[PDB]
Each structure stands twice: as C-alpha cells, then as structure tokens.
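Chains as they are written, first to last, in full-length UniProt numbering: chain A, 186 to 368; chain B, 186 to 368; chain C, 186 to 368. Worksheet: the structure to be examined is printed underneath.
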Amino acid sequence: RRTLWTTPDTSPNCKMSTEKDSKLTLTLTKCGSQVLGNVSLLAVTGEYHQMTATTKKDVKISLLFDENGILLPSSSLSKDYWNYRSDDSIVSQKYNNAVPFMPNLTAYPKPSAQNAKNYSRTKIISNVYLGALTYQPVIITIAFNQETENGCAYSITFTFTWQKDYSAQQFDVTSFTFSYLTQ
Amino acid sequence: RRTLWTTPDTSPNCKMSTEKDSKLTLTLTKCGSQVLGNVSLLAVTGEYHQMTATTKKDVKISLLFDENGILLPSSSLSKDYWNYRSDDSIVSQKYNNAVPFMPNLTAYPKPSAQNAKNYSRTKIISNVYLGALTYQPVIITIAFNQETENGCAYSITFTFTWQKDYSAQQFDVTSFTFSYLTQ
Amino acid sequence: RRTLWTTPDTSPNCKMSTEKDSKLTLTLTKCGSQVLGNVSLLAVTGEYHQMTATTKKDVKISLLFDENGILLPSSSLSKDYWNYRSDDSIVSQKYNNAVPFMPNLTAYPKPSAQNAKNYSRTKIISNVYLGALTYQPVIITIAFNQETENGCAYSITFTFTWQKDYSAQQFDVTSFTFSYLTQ
Ligand SMILES: N[C@@H](CCC(=O)O)C(=O)O
Ligand SMILES: N[C@@H](CCC(=O)O)C(=O)O
Ligand SMILES: N[C@@H](CCC(=O)O)C(=O)O
C-alpha cells in the first residue's frame, strides 16, 4: 500500500492551540525514491478558529515517527486518524511499518554537534493562502528529520508563519504539494 | 493508462477570450491516490495575444467533467484535444472512463447550503510568471470541484489573476506543478 | 530503474564558481509521462561559500544530455556523481540509457529561428529560500531543452537569481519540487 493519510474528511485530528482543535489534511503517496505529499490545515475550534490581534502568528504541527515509521503519540496529529488508505478511510490494522515513507536520513540528517547549522535542503519553504484569498499569504515551512524529542527516529513538521493581521478570521489554508526523498 | 493530457503541441484548444484562442498545456498523471498535474497557458490569437491597458486581469479556464470523468463540451478546453496519452498524441477511442483522475469529492466537496464558505483546501494558489520574466508574477488559482454548472460531477479550474500592467505583451506563463487527491 | 540522482550525500559534485565547489542535490523520479524532480544547491567552498557585496547574484547550473539521455562532461554537474539509484548510492554500470527521464522535445522544443521567443512553458519559476530563512528569497528558474551547446540533445538547467545583499552568508537553499513531461 502506497498511501498514508489522515483521510480527507474534516473530523478534528490535530492540535494548533488545544487538543483536536483542527483538521490536518495530509496525504503521502509513495512514488519510488520520493513521497508526493499534499497538505493543508483548518482550525475547527479554539483560538485559531477566530484569531485575535494577539494570536501567535506561528503554528508548528509536528509528526514524530519511530524507527518503524509509525507515528508517536506525542505528535500534534492524533494516531487514531492516521494510517494506510482503504477507500476514503484507513486500514483496520493499527501498527503498520512505514519506513519507505520516512524522510531519507542521509538527505535530511538529524541535527548534531558535528556541523552547527543544518543543511537548508532539510526544509521546503513557500506560501499558501489564508482563506484562499490571494492577498493573504502564509509561509509554510516543511522540515524533515529536524526533531529529536521523544526519541523520534524521523520527523515531518509543518510550520505556518505570517506577518499580516488576520484577526477575526478562521485559520484555513490552501493545499500545498511537495515531495521528499525516502528512506 | 495513467496519463490524461492535451498533448504537448501548440495547436489551439482553449478559450481565454474567444473560442480556440489559446493553448492549454495540461497533463494529469495518476500516481495512486494522487494525480500529479502540470499546466501552462498560452494565448495564440485574440485579445490576450496582445493585451491592452483594459484587458481583464483575470482569466478562468474551466474543465467540467461528467460522472464518468469525461470532459463536458461546455468546458473552456475543447474535447477534440483531450484524452489518454498515446506517444505524443492521444488514444483513438473518444469516450474513456476517467474517474480515477477526478478530484476526490470528500476532500473537495462541491459547494452547498450546508456550510457557507468552502474549505480552502479545495484550492491551490501560487505564482507563475508571464513571459518567464521574474518581475511579472501572475497568480494561479487551481480549484477542485467548485463548479456546479451544466450538471458537472467534478471540475478542475485554472484562474490566472494579476495586478501589474502587462499591456502589449502576449499572455504566456511558466509551467506549474501540482497534485490532488483522487476519487 | 526509476530514479536518477546525485545521491543524497554532501560530497561536492558541481560548479557554481569553480570546479567542485558545491553540492547539487538532485533526484529525478519517473512517474509515467512525468518526472517528479527535487533539487537544492549548497556551496561548500569558493566565493559562494562566503558571498561578498560583489558576488554575482545569478548562478546557472547546466545539465546537458546526449541523445541517450546520458550526462555530457561539459555539464556543471560531475558525471562521477550522477546515475541510477542503488540504496543511498548509484549503480556500478557508468553508461545507462535514460531517454525516459529526458524532457519532452515537443513540450519543450529547443530554441530555433522558426519562432523568436520560446514558449514560457519551457520554464518553471518560483522562490526558494537562502539559509531556510523566510526573509531571504532566491528565484529558481528551471529550464528544459533550452541549451544547444556541446551538441546536446536535451538539457535541464537550474538558475538562481536574487536581488538582496546576502554578503557574508553561505549559499544554501531550501529544496524545490517540480515535474516535467518526458520524452
Ligand atoms: N530506504 C528503504 C529502502 C528504499 C525505499 O523503499 O525507498 C528502507 O530503508 O527500507
Ligand atoms: N475513487 C476511485 C477508487 C480509488 C482510486 O482509483 O484512486 C473510484 O472511485 O473509482
Ligand atoms: N518518450 C519515450 C517513450 C515514453 C516514455 O517513456 O515516457 C521514448 O522516447 O523512449
């Protein structure tokens, strides 16, 4: 099976501010030596559902994986909601190896004492758009294997950062396509 | 067969202003649960071939599909010009099911009375560049399943929108890569 | 075999200013009628390793290919460092046909006397980010089949161009994903 995903529904699965306040829509499709990824994020409740002038314009969604490529429970994304695809849902077996979906550790090494700043290639940076409004850019930073916490073997994080005042709006962004080299 | 396309030639196939004034180059390659898409647009004749100060800085190219995934004749793209790949041309059979290329209706639901504003994930927004000149951004908005007209089951639309004055120039943009979840 | 790459290590393989001053990380994965590509560039030594106020804010990395799809020795990328994937390295056979990885000559024709300016679809233009810092955009231009020198049959070039003063910094950019139609 060649896709890992959250499912495409809008049932909350993720933490932006508080637990299960948001829907991360994420699909990872294996394409040989790369995964083709597609991501977006919606705030369903809580502060990011109706932002204020003081809301933090920087949200990080962390997916931490063990050595089998299985999501760790300390991730921002709930495990209930994350598995191999089956129709528009997921497979019933909870604990399925997924090393071939993990980001390559040579391309994207964990940070170390060896070399201070890590390679910029460990990140993808671009813009997505809040509310699908062209005048409302939000910077998406995708980082590969740059987390060490909770004993993780691999990581994929999605950070959204912006400068303009989006108060009174619901955080919701356009979809973003990306790829990365696999283990 | 795993690619639907316009063919890569420059024979006009599309309407920007008037019928068959432009070449839409579009390739959809099936990659499991995603299509990998690649698009660009060129004006061959008519107003967008030599824009004026009053030309509309907003062009929408609509591909409408029936429940079989087959292009409807009311689309901006001519059907003559759109089919499964065979060499650098298309297959001879005109009417081939293509549901596995269609955008997923759970990820990208049609608009309804149920929920006012639709999910931003139904769109991709980025920049492409007019004339391949780095100082001439044009915003591309790709939208999935957001059309209802003509009884369509699915839709993919490409809107190009800009602010700067590109008068006297030919509309022609750099290629854009994207993906989406499939039915 | 469905991936051509540089390998994901940081051993210098490329010329920005002087020979083997930099690491081009490039992976081309065949996906039917498209290649899914992923690129980034790091300066390891020389001027781009510690830029000055006079360093040229325009670097072109040229991959030139023969009619078999094999890299020509006059390319910016060293051939030693470029082959079909095998684990995290490359296959031992040096000279492997790769026409199915080459950019389509109908979609991306070489430049000619026939039609002055070439089609903008021959290029992809976007931003990547120096040092993975969101305030440091660098424009990446990918061009397909636009070189004629050294008798090349095909070409893929990566040009990085910028305006801001990045003096004292090491040239290093975030990863960029793209696709193109294949021969
Ligand atoms: N890196 C994979 C093998 C290559 C791949 O599946 O992409 C593994 O370590 O299991
Ligand atoms: N959604 C497809 C099945 C899954 C796929 O082909 O991507 C169908 O409805 O026919
Ligand atoms: N263009 C290929 C055939 C199609 C493909 O492999 O993508 C060739 O000329 O050998």
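Virtual Cβ for every residue (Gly too), placed ideally from N, Cα, C.
Check                                                                                                                    : Outcome
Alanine 338 of chain C versus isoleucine 310 of chain C: straight-line alpha-carbon distance, rounded                    : 23 Å
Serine 218 of chain B Cβ short of 7 Å to ligand 2 heavy atom set                                                         : yes
Within-8 Å CB hit, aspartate 194 of chain C to chain A                                                                   : yes
Inter-stretch contact at 8 Å, needing at least 3 Cβ pairs: the region 246-264 of chain B / the region 194-213 of chain B : yes
Closer than 7 Å: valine 284 of chain B CB and nearest ligand 2 heavy atom                                                : yes
Cα-Cα separation, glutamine 321 of chain C to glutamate 332 of chain C                                                   : 29 Å
8 Å Cβ cutoff met for residue 152 of chain A and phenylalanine 329 of chain A                                            : Any answer about residue 152 of chain A is impossible in this case: the structure gives chain A only from 186 up to 368.
Beta-carbon spacing of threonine 359 of chain B, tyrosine 293 of chain B below 8 Å                                       : no
Cross-chain neighbours of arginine 187 of chain C in chain A, by beta carbon under 7 Å                                   : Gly217
Within chain A, the residues that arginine 306 of chain C reaches when beta carbons sit closer than 9 Å                  : Those do not exist, as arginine 306 of chain C stays about 18 Å from chain A at its closest Cβ, beyond 9 Å.
Ligand 3 heavy atom lying under 7 Å from the CB of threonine 367 of chain C                                              : yes
Segments of 3+ residues assigned as beta strand (DSSP E) that fall wholly inside the region 216-247 of chain C           : 219-228
Closest Cα partner of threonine 367 of chain A within the set A:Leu213, A:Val220, A:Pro193, A:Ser202                     : A:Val220
Chain B contacts made by the region 338-361 of chain C, where a contact means CB separation under 8 Å                    : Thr346
For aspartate 357 of chain A: DSSP bridge partner residues                                                               : A:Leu227
Per-residue contacts from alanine 317 of chain A into chain B (C-beta, under 7 Å)                                        : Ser305, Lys308, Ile310
Three or more C-beta pairs below 8 Å linking the region 235-245 of chain A and the region 221-233 of chain B             : no
Enclosing beta strand (DSSP E) for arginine 270 of chain C [first to last residue]                                       : 268-271
Closest residue to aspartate 265 of chain A among A:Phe361, A:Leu189, A:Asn289 (Cα-Cα distance)                          : A:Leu189
Residues from the region 273-293 of chain C in contact with chain A, defined by Cβ distance under 8 Å                    : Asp273
Three-way DSSP call (helix, strand, coil) for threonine 203 of chain A in this model                                     : coil
Where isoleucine 324 of chain A meets chain C, residues with beta-carbon distance less than 7 Å                          : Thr319
Neighbour list for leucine 227 of chain B in chain C, Cβ cutoff strictly below 9 Å                                       : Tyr304, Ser305, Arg306
Endpoints, beta strand (DSSP E) assigned at residue 145 of chain C                                                       : Look at the range of chain C in this structure, 186 to 368, and you will see that residue 145 of chain C is not part of it.
CB contact below 8 Å: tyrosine 365 of chain A versus chain B                                                             : no
Test item: CB-CB of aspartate 357 of chain B and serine 305 of chain C under 8 Å                                         : yes
Ligand 4 heavy atom lying under 7 Å from the CB of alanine 292 of chain B                                                : Ligands in the displayed structure: ligand 1, ligand 2 and ligand 3; ligand 4 is not one of them.
Neighbourhood of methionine 201 of chain C by C-beta, 6 Å cutoff - its chain only, sequence neighbours within 5 removed  : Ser207, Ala228, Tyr233, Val244
Where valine 313 of chain A falls: helix, strand or coil (DSSP)                                                          : strand
Through-space distance from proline 197 of chain A to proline 197 of chain B, alpha-carbon basis                         : 45 Å
First and last residue of the uninterrupted beta strand (DSSP E) at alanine 328 of chain C                               : 322-329
Residue interval of the beta strand (DSSP E) (run including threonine 188 of chain B)                                    : 188-190
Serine 274 of chain B in three-state terms, based on DSSP                                                                : strand
Span separating the alpha-carbon of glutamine 299 of chain B from that of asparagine 289 of chain B                      : 19 Å
The region 219-249 of chain B: positions lying closer than 7 Å to chain A by Cβ                                          : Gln219, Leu221
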